[PDB]
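Have a look at the structure below before the remarks.
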Amino acid sequence: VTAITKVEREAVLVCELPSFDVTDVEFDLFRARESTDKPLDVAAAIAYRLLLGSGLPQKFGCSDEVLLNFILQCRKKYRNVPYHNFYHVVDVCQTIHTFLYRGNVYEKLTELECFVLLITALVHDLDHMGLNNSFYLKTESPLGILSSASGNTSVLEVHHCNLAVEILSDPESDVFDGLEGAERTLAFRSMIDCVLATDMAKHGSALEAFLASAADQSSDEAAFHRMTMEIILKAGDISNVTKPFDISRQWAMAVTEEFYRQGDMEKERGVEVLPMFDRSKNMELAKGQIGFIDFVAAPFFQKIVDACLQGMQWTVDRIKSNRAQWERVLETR
Ligand SMILES: COc1ccc(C2=NN(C3CCN(C(=O)CN4C(=O)CC(C)(C)CC4=O)CC3)C(=O)[C@@H]3CC=CC[C@H]23)cc1OC
Ligand SMILES: [Mg+2]
Ligand SMILES: [Zn+2]
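The entry's author numbering puts the first residue of the sequence shown at 586, with every later residue one more than the last.
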């Protein structure tokens, strides 16, 4: 791979982010992007600052410089698609920082594990092309073939891991190079396990194992740490409905357009298109958010907060509040 030039670093370093608390639950990434031309440098600056303000890279021998390289190597592998772009992963990073520090989930993890989560956020969707795992299987594309031949149906997640492990194999972007022995091994293994658990086909399985582990006082401790890491990245990944309504709406618009584009390409190839991806059906934003809330998000956040993440209660509160707000949009459309 190429190296990261010194001008690119200064482009990020210069951004001062006035009037923005990056650690706050109500931080608005959309506002931050509209605040300037070159939102890709403001995005990266947000990640930079989050990782410094945690105190964590310094403790694991990661320099202010290779941190910035790592971010920019990540950024360059994100494509210009409507949802699964660089801004999604910065959002997941920032959101995870709030669960750890405002939600007190840091209490349940080592410092290394907190550092790994913040890093993993930034790699967890590398080289996403706006198409889901199903698309690669039904069209027998090379990645689908390659994943089917090695056993794993998690087509993209294996791919994102391969690219994470590739970015980290260059020493000038290796944020885990300051680690040795069991610590170094654990950074890689936990990063990879977390990215693989982002496959929503495995959603129910991962939730149910975390909850079983949290109910049991005699659970293996290392295993409960690992499941909690996985649950927190999953939580970040489905965190759009836990934000102030206007932010939550903007995320829903971006996702919807990405799904519609997949559906148009499925039509071109004669492959089957589920109704969620079908632009012509022209379903309302609101009904789809309420369905996501009821089937996926509300149960997930309610169950993990009750089982053991008590500090994350606001997520359940804001899901409820956003749901009633979408109900009001239907009732008055
Ligand atoms: C802002 O709103 C959204 C943000 C992200 C997503 C993603 N969706 N998914 C899958 C989640 C499971 N899924 C469902 O269709 C679940 N579901 C409903 O949504 C309502 C229903 C149709 C009535 C019944 C039902 O089963 C398929 C899509 C992903 O895998 C994406 C990538 C990773 C994580 C989440 C993200 C969806 C959003 O709004 C719908
Ligand atoms: Mg993903
Ligand atoms: Zn994601």
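In this text, a Cβ means the ideal position worked out from N, Cα and C, and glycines have one as well.
CA-CA distance, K872 to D606, rounds to 32 Å.
The residues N718, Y721, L728, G729 and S732, in chain order, have a CB closer than 6 Å to that of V740 in the same chain once the five nearest residues on each side in sequence are set aside. Between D831 and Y845, the gap from beta carbon to beta carbon reaches 9 Å or more. Every residue whose Cβ sits closer than 5 Å to any heavy atom of ligand 2 is listed here in chain order: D710 and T783. CA-to-CA, the gap between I752 and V651 works out to about 12 Å.
Between ligand 1 and the CB of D822, the shortest heavy atom gap is smaller than 8 Å. Counting C-beta pairs with one atom in each stretch, the region 802-819 and the region 775-787 have three or more that are closer than 8 Å, which means they touch. Collapsing the DSSP output to three states places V607 in coil. Runs of the beta strand (DSSP E) lying entirely within the region 858-903, each at least 3 residues long, are absent. For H810, the CB stays at least 8 Å from every heavy atom of ligand 3.
Note on geometry: alpha-carbon atoms of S790 and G736 lie some 18 Å from one another. With fewer than three CB-CB distances shorter than 8 Å, the region 676-695 does not count as touching the region 642-661. By the neighbour-count definition (other C-beta atoms within 10 Å, threshold 16), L653 is a buried residue. The Cβ atoms of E843 and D784 do not sit closer than 9 Å to each other. Going by DSSP, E806 is part of the alpha helix (DSSP H) stretching over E806 to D822. Below 8 Å, enough C-beta pairs join the region 818-827 and the region 702-712 to call them touching: three or more.
If you draw a straight line from the Cα of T841 to the Cα of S833, it comes to about 12 Å. About 6 Å separates the beta carbon of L870 from that of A837, a gap short enough to meet the 8 Å contact definition.
Inclusion of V674 and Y663 in the CB contact set at 9 Å is warranted, their separation being smaller than that value. In the DSSP annotation of this structure, the continuous segment of the alpha helix (DSSP H) that includes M850 starts and ends at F830 to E853. Listed in chain order, the non-local C-beta contacts of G763 below 6 Å within the same chain comprise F645, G646 and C647, local neighbours out to five positions each way being set aside. Shown here, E692 sits in a helix according to DSSP, grouped into three states.
A heavy atom of ligand 1 is found nearer than 8 Å to the CB of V840. About 6 Å separates the Cβ atoms of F885 and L792, confirming a contact at the 8 Å cut-off.
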